[PDB]
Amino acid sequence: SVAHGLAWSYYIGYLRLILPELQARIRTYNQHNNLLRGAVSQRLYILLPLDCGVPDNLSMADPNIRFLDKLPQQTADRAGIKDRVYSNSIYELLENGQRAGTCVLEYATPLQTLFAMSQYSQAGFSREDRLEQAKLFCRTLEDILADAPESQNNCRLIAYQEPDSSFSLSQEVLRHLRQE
């Protein structure tokens, strides 16, 4: 299925390559100017919106999630690209206008592929199937990461479905953060 392949692609072509090196990058940042602040958490927080809406700025999604810093970028030779670069961004989570947590955080971009395929008629992908494909993407990624030696206790899947309109993305992440 589409989402089956997208989840394997997300692991094979991305997470398997950055997760083995994430813990060291995070420690280098925490050991850096950051002297008086709380340490960045050790896991990649991956936002999995089941509506497949992947905006490019998280502060648009919630002004309680504000960008703090970029992690030291990782480079590797990949598929003929010398020094292919992996950047990741650090966000602070605000709770009543005070810092309640700090983590590397991003959206699972393959969900945007499902969104776009549902928009383009040439994809032969129905809007009405997108929700179940997004759930299947998340379930498959969970299945993979449970057994994968790279992704062992250094990412956190945050899946959610917005209503009512009363939704706090920051509270979703904070729920997962403080359970460690």
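A residue's number is simply how far along the shown sequence it sits, counting from 1.
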Point to revise | Missing residues, deposited sequence, between residue 127 and residue 128 (class: none, 1 to 3, 4 to 9, 10 or more) | key: none
**Study point:** Between residue 163 and residue 164 - deposited residues without coordinates, as a size class
**Key:** 1 to 3
Exercise for review: Look up the CA B-factors in the entry and say which stretch, 57-65 or 133-141, has the higher mean.
Suggested key: 57-65
Review point. If you average the CA temperature factors over each stretch, which comes out higher, 44-52 or 66-74?
Key: 66-74
Review point. Which listed residue, 118, 33, 122, 112, has the largest C-alpha temperature factor in the record?
Key: 33
Check your understanding: If you rank the chain by CA B-factor, which third does residue 169 end up in: lowest, middle or highest?
Key -> highest
Review point. If you rank every modelled residue in this chain by C-alpha B factor, which third holds residue 85: lowest, middle or highest?
Key: middle
Practice item. Just say lowest, middle or highest third for the CA B-factor of residue 108 relative to the other modelled residues in its chain. Key: lowest
